[PDB]
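Shown below: input26.txt, with compact mmCIF, C-alpha atoms and all ligand atoms.
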```txt
# COMPACT_ATOMS: atom_id res chain seq x y z
CA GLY A 18 -28.96 7.33 21.06
CA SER A 19 -25.69 8.20 19.33
CA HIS A 20 -23.06 6.67 17.08
CA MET A 21 -19.73 5.13 18.09
CA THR A 22 -16.55 7.18 18.06
CA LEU A 23 -14.17 4.38 19.05
CA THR A 24 -10.50 4.58 18.07
CA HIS A 25 -7.42 2.35 17.81
CA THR A 26 -4.13 3.88 18.93
CA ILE A 27 -1.00 3.59 16.80
CA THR A 28 2.47 4.97 17.42
CA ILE A 29 5.09 5.30 14.68
CA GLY A 30 8.22 6.32 16.51
CA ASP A 31 6.72 9.10 18.60
CA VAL A 32 3.95 10.05 16.18
CA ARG A 33 0.74 8.98 17.94
CA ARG A 34 -2.60 8.68 16.14
CA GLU A 35 -6.12 7.52 17.07
CA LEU A 36 -7.53 5.64 14.11
CA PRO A 37 -11.34 5.78 13.85
CA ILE A 38 -12.97 2.35 13.97
CA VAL A 39 -15.46 2.48 11.12
CA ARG A 40 -17.95 0.05 9.62
CA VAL A 41 -17.04 -1.50 6.26
CA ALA A 42 -19.34 -4.53 6.02
CA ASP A 43 -22.43 -6.11 7.58
CA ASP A 44 -20.29 -7.59 10.34
CA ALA A 45 -16.98 -5.72 10.35
CA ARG A 46 -15.26 -2.50 11.39
CA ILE A 47 -11.64 -1.50 10.71
CA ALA A 48 -9.28 1.04 12.27
CA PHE A 49 -9.00 3.38 9.31
CA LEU A 50 -5.53 4.68 8.41
CA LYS A 51 -5.56 8.13 6.75
CA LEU A 52 -2.23 9.26 5.26
CA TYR A 53 -3.96 11.99 3.20
CA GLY A 54 -3.66 15.30 5.02
CA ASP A 55 -1.05 14.07 7.52
CA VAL A 56 2.53 14.99 6.55
CA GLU A 57 3.90 14.02 9.99
CA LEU A 58 2.40 10.50 9.88
CA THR A 59 3.30 10.00 6.21
CA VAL A 60 6.93 11.01 6.71
CA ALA A 61 7.24 8.96 9.92
CA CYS A 62 5.86 5.82 8.22
CA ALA A 63 8.12 6.26 5.19
CA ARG A 64 11.17 6.83 7.42
CA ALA A 65 10.44 3.71 9.49
CA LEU A 66 9.93 1.60 6.38
CA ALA A 67 13.09 2.95 4.70
CA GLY A 68 15.00 1.83 7.78
CA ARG A 69 13.93 -1.71 6.84
CA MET A 70 14.61 -1.53 3.10
CA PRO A 71 17.93 -3.26 2.32
CA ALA A 72 20.59 -1.91 -0.02
CA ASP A 73 19.74 -4.68 -2.52
CA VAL A 74 16.48 -2.95 -3.51
CA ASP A 75 16.72 -1.19 -6.89
CA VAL A 76 13.23 0.27 -7.34
CA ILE A 77 10.04 0.97 -5.34
CA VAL A 78 6.62 0.09 -6.79
CA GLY A 79 3.31 1.14 -5.28
CA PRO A 80 -0.31 1.22 -6.38
CA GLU A 81 -2.61 4.19 -7.07
CA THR A 82 -3.73 5.44 -4.59
CA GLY A 83 -2.47 3.61 -1.45
CA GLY A 84 1.16 3.67 -2.44
CA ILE A 85 1.48 7.20 -3.81
CA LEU A 86 2.54 9.12 -0.69
CA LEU A 87 4.57 6.25 0.76
CA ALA A 88 6.44 5.43 -2.43
CA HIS A 89 7.22 9.12 -3.01
CA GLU A 90 8.58 9.61 0.54
CA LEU A 91 10.45 6.28 0.50
CA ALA A 92 12.08 7.31 -2.77
CA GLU A 93 12.88 10.77 -1.43
CA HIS A 94 14.45 9.29 1.72
CA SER A 95 16.38 6.45 0.09
CA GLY A 96 17.35 7.87 -3.32
CA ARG A 97 15.82 4.88 -5.13
CA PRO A 98 13.53 5.45 -8.13
CA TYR A 99 9.87 4.54 -7.83
CA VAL A 100 6.93 3.63 -10.03
CA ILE A 101 3.20 3.95 -9.46
CA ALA A 102 0.90 1.30 -10.93
CA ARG A 103 -2.17 3.21 -12.08
CA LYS A 104 -5.84 2.26 -11.66
CA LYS A 105 -6.88 3.82 -15.01
CA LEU A 106 -5.48 3.95 -18.52
CA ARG A 107 -3.85 7.31 -19.23
CA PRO A 108 -2.87 8.70 -22.67
CA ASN A 109 0.89 8.54 -21.94
CA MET A 110 0.55 4.76 -21.58
CA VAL A 111 1.64 2.87 -24.68
CA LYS A 112 1.33 -0.93 -24.76
CA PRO A 113 0.24 -1.16 -21.11
CA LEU A 114 0.56 -4.21 -18.93
CA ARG A 115 -2.69 -4.86 -17.06
CA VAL A 116 -3.75 -7.15 -14.20
CA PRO A 117 -7.07 -7.67 -12.44
CA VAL A 118 -7.18 -6.96 -8.71
CA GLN A 119 -9.01 -9.62 -6.71
CA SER A 120 -11.55 -7.86 -4.51
CA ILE A 121 -14.50 -9.06 -2.44
CA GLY A 122 -16.44 -5.78 -2.36
CA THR A 123 -16.82 -5.59 -6.13
CA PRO A 124 -15.02 -8.12 -8.38
CA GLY A 125 -13.91 -7.88 -12.01
CA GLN A 126 -13.72 -4.10 -12.18
CA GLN A 127 -10.49 -3.43 -10.28
CA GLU A 128 -7.31 -3.22 -12.38
CA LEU A 129 -3.70 -2.05 -12.16
CA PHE A 130 -1.66 -0.89 -15.18
CA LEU A 131 1.97 -0.26 -16.14
CA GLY A 132 2.86 1.78 -19.18
CA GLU A 133 5.79 0.52 -21.18
CA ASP A 134 7.96 3.26 -19.67
CA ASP A 135 7.09 2.15 -16.11
CA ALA A 136 7.70 -1.45 -17.19
CA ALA A 137 11.06 -0.57 -18.76
CA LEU A 138 11.98 0.89 -15.37
CA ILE A 139 11.08 -2.35 -13.59
CA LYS A 140 12.52 -4.97 -16.00
CA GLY A 141 15.49 -6.76 -14.47
CA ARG A 142 15.47 -4.99 -11.10
CA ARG A 143 14.96 -5.94 -7.47
CA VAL A 144 11.64 -4.36 -6.40
CA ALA A 145 10.27 -3.28 -3.05
CA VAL A 146 6.46 -3.30 -3.29
CA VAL A 147 4.78 -0.77 -0.95
CA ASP A 148 1.15 -0.08 -0.03
CA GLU A 149 -0.42 1.61 2.97
CA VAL A 150 -2.34 -1.42 4.31
CA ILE A 151 -2.51 -5.09 3.34
CA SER A 152 -5.89 -6.60 4.14
CA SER A 153 -7.06 -9.43 1.85
CA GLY A 154 -3.84 -9.27 -0.16
CA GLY A 155 -5.57 -8.91 -3.51
CA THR A 156 -3.81 -5.63 -4.25
CA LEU A 157 -0.47 -7.16 -3.22
CA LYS A 158 -0.97 -10.23 -5.43
CA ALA A 159 -1.86 -7.99 -8.40
CA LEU A 160 1.34 -6.00 -7.81
CA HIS A 161 3.34 -9.23 -7.68
CA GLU A 162 1.82 -10.21 -11.01
CA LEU A 163 2.51 -6.81 -12.60
CA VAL A 164 6.12 -6.81 -11.39
CA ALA A 165 6.60 -10.35 -12.72
CA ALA A 166 4.99 -9.43 -16.05
CA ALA A 167 7.39 -6.48 -16.37
CA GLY A 168 10.49 -8.60 -15.76
CA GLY A 169 11.34 -7.60 -12.20
CA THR A 170 11.63 -9.56 -8.97
CA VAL A 171 9.80 -8.65 -5.76
CA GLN A 172 12.50 -8.68 -3.10
CA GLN A 173 10.53 -7.05 -0.28
CA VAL A 174 6.99 -5.99 0.62
CA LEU A 175 6.60 -2.84 2.71
CA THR A 176 3.38 -1.66 4.36
CA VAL A 177 2.28 0.46 7.29
CA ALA A 178 -0.06 -2.29 8.49
CA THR A 179 -1.19 -5.80 7.90
CA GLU A 180 -4.86 -6.24 8.71
CA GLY A 181 -6.82 -9.36 9.55
CA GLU A 182 -4.29 -12.09 8.82
CA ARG A 183 -0.76 -11.55 10.06
CA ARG A 184 1.87 -11.80 7.33
CA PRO A 185 5.40 -12.84 8.33
CA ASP A 186 6.69 -12.54 4.75
CA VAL A 187 5.77 -8.83 4.88
CA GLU A 188 7.71 -5.95 6.40
CA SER A 189 5.01 -4.05 8.30
CA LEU A 190 5.06 -1.37 10.97
CA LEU A 191 2.13 -2.86 12.94
CA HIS A 192 -0.86 -5.20 12.77
CA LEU A 193 -4.44 -3.96 12.78
CA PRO A 194 -7.11 -6.32 14.12
CA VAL A 195 -10.46 -6.49 12.38
CA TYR A 196 -13.35 -5.60 14.71
CA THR A 197 -17.01 -6.69 14.78
CA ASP A 198 -19.71 -4.35 13.49
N1 LIG B 1 -7.58 0.06 7.87
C1 LIG B 1 -7.41 0.59 6.66
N2 LIG B 1 -7.12 1.91 6.55
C2 LIG B 1 -6.95 2.43 5.32
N3 LIG B 1 -6.99 1.82 4.13
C3 LIG B 1 -7.26 0.52 4.28
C4 LIG B 1 -7.48 -0.15 5.47
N4 LIG B 1 -7.74 -1.49 5.22
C5 LIG B 1 -7.68 -1.62 3.92
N5 LIG B 1 -7.39 -0.43 3.29
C6 LIG B 1 -7.23 -0.24 1.86
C7 LIG B 1 -8.41 0.57 1.34
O1 LIG B 1 -9.63 -0.05 1.71
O2 LIG B 1 -7.24 -1.57 1.28
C8 LIG B 1 -6.16 -1.72 0.32
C9 LIG B 1 -5.68 -3.15 0.28
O3 LIG B 1 -6.80 -4.07 0.23
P1 LIG B 1 -6.51 -5.63 -0.11
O4 LIG B 1 -5.24 -6.06 0.60
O5 LIG B 1 -7.74 -6.37 0.41
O6 LIG B 1 -6.37 -5.73 -1.63
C10 LIG B 1 -5.09 -0.70 0.74
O7 LIG B 1 -4.38 -0.25 -0.40
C11 LIG B 1 -5.89 0.40 1.44
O8 LIG B 1 -6.13 1.47 0.55
CA CA B 2 8.99 15.10 1.19
```
Here is the file; what I need is its structure written in the form of structure tokens.
Amino acid sequence: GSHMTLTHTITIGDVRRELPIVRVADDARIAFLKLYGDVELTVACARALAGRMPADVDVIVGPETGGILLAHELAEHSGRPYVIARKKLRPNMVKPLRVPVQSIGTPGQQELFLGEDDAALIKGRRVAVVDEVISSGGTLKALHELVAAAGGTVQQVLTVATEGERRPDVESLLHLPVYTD
């Protein structure tokens, strides 16, 4: 006569967290990673990922919202510039590049954008793509497409966690299983 409060333990260096295992579909729960509100976890993840980012990387690119904190802290740690691909058109965007994000929960709607200034910062550079979690990979594919459309090359993919499928072409800190409902 009560609801589940099950958790999944992660450890980034010696930052330990208990991720709540929460329902997201008829038949599925995930260990939910919350960087918002957690400076210690955010900085530890960004430090660990920067340790894995080679000197070849020119620029960091992350999506709104899952790459905001990580890209900022990676850039602050490494000295590399970074770019956020936005979810909405903003008035400072002239001639934006746009890609659809493949998504199972609600197709068609999801989009990522680069203004021509963001794009001018990516053109011709080696890019590390970063996002907090990679699950289906739709977000990651859309970022690949945006980076290609802007003239850059994805050299590395950085994430705190893969989820569901394991991804050996990805630099991740851990793997999160998907749980039943
Ligand atoms: N366990 C999770 N804890 C936090 N956030 C998660 C988790 N699993 C997926 N996410 C998010 C949001 O739902 O999914 C995006 C990628 O989804 P995709 O690879 O299919 O395109 C990420 O940016 C991230 O925000
Ligand atoms: Ca900082």
Atom CA of residue 129 of chain A to atom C5 of ligand LIG 1 (chain B), straight-line distance in Å: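 Computed distance, atom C5 of ligand LIG 1 (chain B) to atom CA of residue 129 of chain A, equals 16.6 Å.
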From A:176, A:132, A:108, A:153, residue lying nearest residue 63 of chain A [all atoms listed in the file]: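 Closest to residue 63 of chain A, using all atoms listed in the file: A:176.
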What residues of the protein or nucleic acid chains come within 6 Å of ligand LIG 1 (chain B) when you use all atoms listed in the file? Reply as a PyMOL selection string. chain A and resi 47-50+83+148-156
List all protein, DNA and RNA residues that have at least one atom no more than 10 Å from any atom of ligand CA 2 (chain B), counting all atoms listed in the file, and write them as a PyMOL selection string. chain A and resi 56+59-60+63+86-87+89-94
Generate a file of the selected residues that holds C-alpha atoms, formatted as a CSV table (one decimal), in the coordinates of the input.
```
chain,number,residue,atom,x,y,z
A,56,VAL,CA,2.5,15.0,6.6
A,59,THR,CA,3.3,10.0,6.2
A,60,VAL,CA,6.9,11.0,6.7
A,63,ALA,CA,8.1,6.3,5.2
A,86,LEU,CA,2.5,9.1,-0.7
A,87,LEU,CA,4.6,6.2,0.8
A,89,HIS,CA,7.2,9.1,-3.0
A,90,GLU,CA,8.6,9.6,0.5
A,91,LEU,CA,10.4,6.3,0.5
A,92,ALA,CA,12.1,7.3,-2.8
A,93,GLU,CA,12.9,10.8,-1.4
A,94,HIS,CA,14.4,9.3,1.7
```
If I put a ball of radius 12 Å at (6.0, -11.7, 2.7) in the file's coordinates, which residues poke into it when counting only C-alpha atoms, written as a list in words?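 Counting only C-alpha atoms, I find these residues within 12 Å of (6.0, -11.7, 2.7): residues 145, 146, 147, 151, 154, 157, 158, 161, 171, 172, 173, 174, 175, 176, 179, 182, 183, 184, 185, 186, 187, 188 and 189 of chain A.
Restricting the calculation to all atoms listed in the file, the smallest distance between residue 115 of chain A and any of A:70, A:138, A:165, A:62 is found for A:165.
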Distance in Å - atom CA of residue 196 of chain A versus atom CA of residue 117 of chain A: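 Atom CA of residue 117 of chain A lies at a distance of 27.9 Å from atom CA of residue 196 of chain A.
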Nearest to residue 71 of chain A, chosen from A:144, A:127, A:178, A:54, with all atoms listed in the file counted in the distances: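 When distances to residue 71 of chain A are compared using all atoms listed in the file, the smallest one comes from A:144.
Each of A:193, A:67, A:23, A:131 was compared to residue 163 of chain A using only C-alpha atoms, and A:131 turns out to be the nearest.
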Check the smallest atom-to-atom distance from each of A:116, A:85, A:137, A:100 to residue 52 of chain A using all atoms listed in the file, then report the winner.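 Counting all atoms listed in the file, the residue closest to residue 52 of chain A is A:85.
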Can you work out the spacing between atom CA of residue 195 of chain A and atom CA of residue 20 of chain A in Å, to one decimal? 18.8 Å
Write out as AutoDock Vina command-line options an axis-aligned box for segment 128-136 of chain A: all of its atoms listed in the file, 4 Å added on each side, centre and edge lengths in Å with one decimal.
```
--center_x 0.3 --center_y 0.0 --center_z -16.7 --size_x 23.3 --size_y 14.5 --size_z 17.0
```
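Residue nearest residue 78 of chain A, chosen from A:112, A:192, A:64, A:103 and counting only C-alpha atoms: A:103.
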Would you kindly place N, CA, C and O atoms on segment 37-55 of chain A and return the model as a PDB file, in the coordinates of the input?
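What landed in part-v6.pdb:
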```pdb
ATOM      1  N   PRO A  37      -9.912   6.011  13.625  1.00  0.00           N
ATOM      2  CA  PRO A  37     -11.340   5.780  13.850  1.00  0.00           C
ATOM      3  C   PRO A  37     -11.717   4.369  13.439  1.00  0.00           C
ATOM      4  O   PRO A  37     -11.274   3.872  12.403  1.00  0.00           O
ATOM      5  N   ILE A  38     -12.526   3.711  14.260  1.00  0.00           N
ATOM      6  CA  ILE A  38     -12.970   2.350  13.970  1.00  0.00           C
ATOM      7  C   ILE A  38     -14.320   2.431  13.273  1.00  0.00           C
ATOM      8  O   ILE A  38     -15.342   2.716  13.905  1.00  0.00           O
ATOM      9  N   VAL A  39     -14.330   2.153  11.973  1.00  0.00           N
ATOM     10  CA  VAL A  39     -15.460   2.480  11.120  1.00  0.00           C
ATOM     11  C   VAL A  39     -15.989   1.222  10.452  1.00  0.00           C
ATOM     12  O   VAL A  39     -15.241   0.283  10.154  1.00  0.00           O
ATOM     13  N   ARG A  40     -17.299   1.215  10.206  1.00  0.00           N
ATOM     14  CA  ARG A  40     -17.950   0.050   9.620  1.00  0.00           C
ATOM     15  C   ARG A  40     -17.653  -0.046   8.125  1.00  0.00           C
ATOM     16  O   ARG A  40     -17.687   0.955   7.401  1.00  0.00           O
ATOM     17  N   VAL A  41     -17.346  -1.262   7.665  1.00  0.00           N
ATOM     18  CA  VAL A  41     -17.040  -1.500   6.260  1.00  0.00           C
ATOM     19  C   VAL A  41     -17.831  -2.657   5.675  1.00  0.00           C
ATOM     20  O   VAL A  41     -17.731  -2.914   4.475  1.00  0.00           O
ATOM     21  N   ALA A  42     -18.584  -3.388   6.487  1.00  0.00           N
ATOM     22  CA  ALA A  42     -19.340  -4.530   6.020  1.00  0.00           C
ATOM     23  C   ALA A  42     -20.454  -4.784   7.025  1.00  0.00           C
ATOM     24  O   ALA A  42     -20.511  -4.139   8.077  1.00  0.00           O
ATOM     25  N   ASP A  43     -21.338  -5.732   6.685  1.00  0.00           N
ATOM     26  CA  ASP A  43     -22.430  -6.110   7.580  1.00  0.00           C
ATOM     27  C   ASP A  43     -21.920  -6.386   8.987  1.00  0.00           C
ATOM     28  O   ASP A  43     -22.555  -6.015   9.980  1.00  0.00           O
ATOM     29  N   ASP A  44     -20.755  -7.022   9.084  1.00  0.00           N
ATOM     30  CA  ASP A  44     -20.290  -7.590  10.340  1.00  0.00           C
ATOM     31  C   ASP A  44     -18.877  -7.152  10.704  1.00  0.00           C
ATOM     32  O   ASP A  44     -18.220  -7.835  11.494  1.00  0.00           O
ATOM     33  N   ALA A  45     -18.387  -6.035  10.163  1.00  0.00           N
ATOM     34  CA  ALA A  45     -16.980  -5.720  10.350  1.00  0.00           C
ATOM     35  C   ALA A  45     -16.735  -4.213  10.433  1.00  0.00           C
ATOM     36  O   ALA A  45     -17.319  -3.431   9.677  1.00  0.00           O
ATOM     37  N   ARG A  46     -15.837  -3.831  11.338  1.00  0.00           N
ATOM     38  CA  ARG A  46     -15.260  -2.500  11.390  1.00  0.00           C
ATOM     39  C   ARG A  46     -13.732  -2.594  11.337  1.00  0.00           C
ATOM     40  O   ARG A  46     -13.140  -3.575  11.802  1.00  0.00           O
ATOM     41  N   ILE A  47     -13.095  -1.566  10.781  1.00  0.00           N
ATOM     42  CA  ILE A  47     -11.640  -1.500  10.710  1.00  0.00           C
ATOM     43  C   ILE A  47     -11.164  -0.171  11.273  1.00  0.00           C
ATOM     44  O   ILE A  47     -11.884   0.832  11.229  1.00  0.00           O
ATOM     45  N   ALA A  48      -9.949  -0.174  11.826  1.00  0.00           N
ATOM     46  CA  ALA A  48      -9.280   1.040  12.270  1.00  0.00           C
ATOM     47  C   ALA A  48      -8.689   1.729  11.050  1.00  0.00           C
ATOM     48  O   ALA A  48      -7.707   1.251  10.477  1.00  0.00           O
ATOM     49  N   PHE A  49      -9.294   2.834  10.628  1.00  0.00           N
ATOM     50  CA  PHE A  49      -9.000   3.380   9.310  1.00  0.00           C
ATOM     51  C   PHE A  49      -7.765   4.277   9.349  1.00  0.00           C
ATOM     52  O   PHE A  49      -7.723   5.256  10.097  1.00  0.00           O
ATOM     53  N   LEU A  50      -6.789   3.955   8.506  1.00  0.00           N
ATOM     54  CA  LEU A  50      -5.530   4.680   8.410  1.00  0.00           C
ATOM     55  C   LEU A  50      -5.641   5.752   7.331  1.00  0.00           C
ATOM     56  O   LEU A  50      -5.944   5.433   6.181  1.00  0.00           O
ATOM     57  N   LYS A  51      -5.397   7.009   7.687  1.00  0.00           N
ATOM     58  CA  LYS A  51      -5.560   8.130   6.750  1.00  0.00           C
ATOM     59  C   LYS A  51      -4.224   8.868   6.585  1.00  0.00           C
ATOM     60  O   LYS A  51      -3.906   9.762   7.375  1.00  0.00           O
ATOM     61  N   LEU A  52      -3.449   8.509   5.561  1.00  0.00           N
ATOM     62  CA  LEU A  52      -2.230   9.260   5.260  1.00  0.00           C
ATOM     63  C   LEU A  52      -2.502  10.603   4.603  1.00  0.00           C
ATOM     64  O   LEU A  52      -1.721  11.543   4.795  1.00  0.00           O
ATOM     65  N   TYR A  53      -3.569  10.709   3.806  1.00  0.00           N
ATOM     66  CA  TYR A  53      -3.960  11.990   3.200  1.00  0.00           C
ATOM     67  C   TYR A  53      -4.121  13.059   4.270  1.00  0.00           C
ATOM     68  O   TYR A  53      -4.817  12.852   5.264  1.00  0.00           O
ATOM     69  N   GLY A  54      -3.491  14.216   4.064  1.00  0.00           N
ATOM     70  CA  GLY A  54      -3.660  15.300   5.020  1.00  0.00           C
ATOM     71  C   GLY A  54      -2.794  15.210   6.256  1.00  0.00           C
ATOM     72  O   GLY A  54      -2.959  16.031   7.169  1.00  0.00           O
ATOM     73  N   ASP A  55      -1.842  14.265   6.310  1.00  0.00           N
ATOM     74  CA  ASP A  55      -1.050  14.070   7.520  1.00  0.00           C
ATOM     75  C   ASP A  55       0.430  13.901   7.148  1.00  0.00           C
ATOM     76  O   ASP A  55       0.956  12.789   7.092  1.00  0.00           O
TER      77      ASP A  55
END
```
